[PDB]
Amino acid sequence: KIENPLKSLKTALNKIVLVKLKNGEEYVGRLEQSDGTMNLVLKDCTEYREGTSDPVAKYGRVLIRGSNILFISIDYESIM
Amino acid sequence: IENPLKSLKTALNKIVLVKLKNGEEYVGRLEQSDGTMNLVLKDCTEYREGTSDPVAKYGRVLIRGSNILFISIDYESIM
Amino acid sequence: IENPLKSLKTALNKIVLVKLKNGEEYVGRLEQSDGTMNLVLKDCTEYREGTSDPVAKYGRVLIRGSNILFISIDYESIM
Amino acid sequence: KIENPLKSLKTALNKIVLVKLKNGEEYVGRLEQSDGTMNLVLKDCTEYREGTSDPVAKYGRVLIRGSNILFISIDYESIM
Amino acid sequence: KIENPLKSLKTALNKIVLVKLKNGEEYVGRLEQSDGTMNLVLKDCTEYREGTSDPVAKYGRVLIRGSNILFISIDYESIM
Amino acid sequence: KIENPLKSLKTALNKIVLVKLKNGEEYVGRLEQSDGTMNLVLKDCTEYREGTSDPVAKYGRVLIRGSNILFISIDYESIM
Amino acid sequence: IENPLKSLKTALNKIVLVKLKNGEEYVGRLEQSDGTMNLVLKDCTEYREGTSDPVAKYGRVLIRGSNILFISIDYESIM
């Protein structure tokens, strides 16, 4: 079977995901694009304070660099 | 033949604890892993470091291996 | 053909917001970019993270891609 | 003749070691495997507060990533 | 037709620039040299407290390592 | 006639050295082995409070990962 | 031929100040350097950042180039 963590990211295409960065900040938006570096493009992205549902800021369509990602919640829509 | 990374495959479908560089602890069932130690965990709960106090639920998570400190590969068997 | 880096090219000559590793935010018109996400911004203002409180003005800046957290590539159409 | 730091890690196999990571936390356990990048597997691993013998948490069998290791006390067994 | 970020660093040669480093500190001086990795030589370099005009220390002629640079204000002279 | 920084590390073999790690802590011991990546083996390693002489912990024979070293005092024995 | 790394070579046998990523400053006579900016300083004294307060003496030190923020290659003219 060919399943590996990277292609699991492709299944999240056009779904709401949560991205947490190395500084602990959390960003929620719809995953529009991703590449093999885990560079992401998120649509209608809102930053939330860590571990909470408190919106901090809206940033629109964001390109997130993969090297500073801690993790991506790929099923986040089904859980919000 | 045995090496640290093959030990990671023995934890597939088992509950593991992953500690990241910032000290926070994530507990979940190991679904997938690769050679760089990127992981996919199912039903992932973040705990406050050193405790069993849950702080957040994140569902199915892709964790980047570069930020991992260690993985408790038999965590199921010690709780 | 769509991918993250090409989406950056769509923001050329538009105002973007760039957040760096230390959390600081910089807003200015994207004049140039390369494959490593080095950017040149014009009329760049730094803002306190998460606000519209101006902190400093830096003129035309060359931002090193390796220390960028993210780029809001549609910032002009929402600010 | 052939003596180098990474070979000295081979003589600690199945001995108790102390591993200190980049955030100053110390982990004690029996070294079961190591590779060339200093990835480690420890059995019966206990975290202790830095500089002390106050145990903080028990983690069982752990795979430690080499890149965040500060040092390994390779003769810890014979001293603690 | 050839416009790239690093080429614009070459336009600032012999001009006063502001370099902000990863720790937030700001260094002002005349750019004398740069290379492809963004290593720089500044002449008559003064550090300023971040976002102010309070000088904190003088360092003279400095070789700055590119990997810790956040940004360079390549036209800082025109705006003082 | 050939002199470079890594070769100067070999001159400290069998001498007491001080190693400062990137979290600021200092470790003093007799350098027994080293390699091209500045991985080190120290014998009789004592950690000291940064910048002081107050011992903090003993760790015996330690393998130090070169990538997390700030500097090595290669003549410390002659000035301690 | 002039470039930033060759400018380090000109500092040989000169007193330099080396600032590391954690902000600590180290002053000594530059004895050796290489292409990665690994340095050997003679008679090295560490100073509290931005001040003249000596904190510790370290003799002959080998500094790893990867943790260096900057090197004042002419520092005796500044002391």
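Reckoned from all heavy atoms, side chains included, excluding hydrogens, waters and symmetry mates. Residue numbering restarts at 1 for every chain, and letters A, B, ... go by the order of the sequence lines.
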Qualifying salt bridge (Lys or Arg N to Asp or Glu O under 4.0 Å) pairs with a residue from residues 58-80 of chain F, counting only residues at least two apart or across chains
F/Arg30-F/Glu77

Where does F/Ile79 contact chain G at under 4.5 Å (heavy atoms): side chain, backbone, both or neither?
side chain

For G/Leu20, is it the side chain, the backbone, both or neither that has a heavy atom under 4.5 Å from a heavy atom of chain F?
side chain

Give the minimum heavy-atom separation between G/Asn67 and F/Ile69, together with the two atoms involved.
OD1-O, 3.1 Å

Residues in ring-ring contact (aromatic ring centres under 6.0 Å, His included) with F/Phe71, at least two apart?
G/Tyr26, G/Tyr58

Write out, in numerical order, the residues from residues 4-18 of chain F with a heavy atom short of 4.5 Å from a heavy atom in chain G.
F/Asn4, F/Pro5, F/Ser8, F/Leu9, F/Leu18

Taking 4.5 Å as the heavy-atom cut-off, does anything in residues 32-53 of chain F contact chain G, and if so which residues?
F/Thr37, F/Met38, F/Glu50, F/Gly51

Does the pair F/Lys22 and G/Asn22 meet the rule for a side chain to side chain contact (heavy atoms under 4.5 Å, CB included), with working shown?
CA-CA 8 Å; F/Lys22 39 182 37 157; G/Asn22 63 6; over 6 Å; no

